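Here is how names work: the chains are called A, B, and so on, in the same order as the sequence lines, proteins then strands, and each is numbered from 1. In what follows, every heavy atom counts, from backbone to side chain, and hydrogens, waters and symmetry copies are set aside.
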Amino acid sequence: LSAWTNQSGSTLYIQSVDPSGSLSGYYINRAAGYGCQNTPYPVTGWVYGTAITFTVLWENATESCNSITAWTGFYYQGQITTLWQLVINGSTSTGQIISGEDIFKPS
Amino acid sequence: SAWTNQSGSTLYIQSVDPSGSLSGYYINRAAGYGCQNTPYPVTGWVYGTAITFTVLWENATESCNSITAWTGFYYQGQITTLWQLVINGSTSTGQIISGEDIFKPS
């Protein structure tokens, strides 16, 4: 499979991209200061030429962080540059949606 | 379940796995945009009131060479979301287009 590590040490493990552009994978979070680190969380999304989206549910057999992330970005010059948005369960305001930028390189 | 936003676009959720895995189609009716009136594939996650979904702007009818991802929550009978749209062949995060959609039941 096709592994991509960001500036924070987290890795996207792509298992499959169908001819439809449907992506399936798993993701290990190693970002400082976050729960749900060091264990697999499921991935879904889309691949369309150099454009990509993917989204991780922060629940697996062992740990839950009660939330989801969606990444949106693009493949250029051997890296996937992404903007991500993180929404917590029970949220009442878009002001509570946390955001940032991730750069993934092959690993 | 069907959800229509302020621009008249509808998210058609067909299933939610026990794992929270979301599957459906989406019909874009947003003025000024291509890929209107035809169903696009949806994947995503639900976690209590938290929702992400992503639409590939490719089908057999019309292609717009791009993908949108919505991140949002269910609150007071509506889904409030921020979305990000990335175009095939992009070279800067400046080319990513963004906004807010509010979805109510249809």
Partner of A/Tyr41 by ring pair (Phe, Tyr, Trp, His ring centres under 6.0 Å), out of A/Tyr13, A/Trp58, A/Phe54: A/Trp58
Common cluster, B/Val46/A/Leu57, ILVMFWY with side-chain heavy-atom separation under 4.5 Å: no
Note, A/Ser91 side chain near B/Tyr75 side chain (heavy atom, < 4.5 Å): no
Between B/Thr54 and B/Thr43: side-chain donor-acceptor atoms closer than 3.5 Å: no
Donor + acceptor pair across side chains of A/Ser2, A/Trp4 (<3.5 Å): yes
Shared hydrophobic cluster for B/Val42 and B/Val16 (ILVMFWY, side-chain gaps under 4.5 Å): yes
Min side-chain heavy-atom separation B/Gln14-B/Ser23 under 4.5 Å: no
Distance-minimising heavy-atom pair for A/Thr5 and A/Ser107: OG1-OG, 2.6 Å
B/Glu58 vs A/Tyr48 side-chain heavy atoms within contact, under 4.5 Å: yes
Contact summary for A/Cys36 and A/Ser64, nearest pair of heavy atoms: SG-C, 3.5 Å
Contact check, side chains of B/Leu82 and B/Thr71, non-hydrogen atoms, under 4.5 Å: no
Main-chain N/O of A/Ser20 paired to A/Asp18 side chain as donor or acceptor, under 3.5 Å: no
Identified side-chain hydrogen bond (donor to acceptor under 3.5 Å, both in side chains) counterpart of A/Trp71 within the set A/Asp102, A/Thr53, A/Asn6: A/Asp102
For B/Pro105 against B/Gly77, the heavy-atom pair lying closest together: CD-O, 3.5 Å
A/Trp46 and A/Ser22: CA distance, side-chain angles, deciding distance, side chain to side chain contact (heavy atoms under 4.5 Å, CB included) verdict: CA-CA 5 Å; A/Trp46 295 120; A/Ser22 181; 3.7 Å; yes
Point-to-point distance, once rounded to the nearest 0.5 Å, from CD1 of B/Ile79 to CG of B/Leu11: 6.5 Å
Test item: A/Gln79 side-chain N/O and A/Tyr75 main-chain N/O as donor-acceptor pair under 3.5 Å: no
Sidechain-backbone polar pair: A/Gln85 side chain, A/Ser99 backbone, donor-acceptor under 3.5 Å: no
Short side-chain donor-acceptor distance under 3.5 Å, A/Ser67 and A/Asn89: no
Side chain to side chain contact (heavy atoms under 4.5 Å, CB included) evaluation trace for A/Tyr26 with A/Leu1: CA-CA 11 Å; A/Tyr26 61 94; A/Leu1 12 145; 4.2 Å; yes
Shared hydrophobic cluster for B/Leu85 and B/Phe103 (ILVMFWY, side-chain gaps under 4.5 Å): yes
Hydrophobic cluster membership, A/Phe74 vs B/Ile67, 4.5 Å side-chain cutoff: yes
Minimum heavy-atom distance B/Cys64-B/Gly34, with the two atoms named: SG-C, 3.7 Å
Side-chain heavy atoms of A/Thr94 within contact of B/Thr80, under 4.5 Å: yes
Side chain to side chain, A/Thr82 and A/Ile103, heavy atoms closer than 4.5 Å: no
Side chains of B/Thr10 and B/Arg29, donor plus acceptor under 3.5 Å: yes
Plane angle bin for A/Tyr34 and A/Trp84 - parallel if under 30°, tilted between 30 and 60°, otherwise perpendicular: perpendicular
Beyond-backbone contact of A/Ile98 with A/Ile88, side-chain heavy atoms, under 4.5 angstrom: yes
Over all atoms of both residues, closest heavy-atom pair of B/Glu62 and B/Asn59: N-OD1, 3.0 Å
Under 3.5 Å donor-acceptor, A/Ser93 side chain and A/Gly95 backbone: yes
Side chains of B/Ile51 and A/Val87 in contact at under 4.5 Å (non-hydrogen atoms): no
Exercise: do A/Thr39 and A/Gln37 side chains pair donor with acceptor under 3.5 Å: no
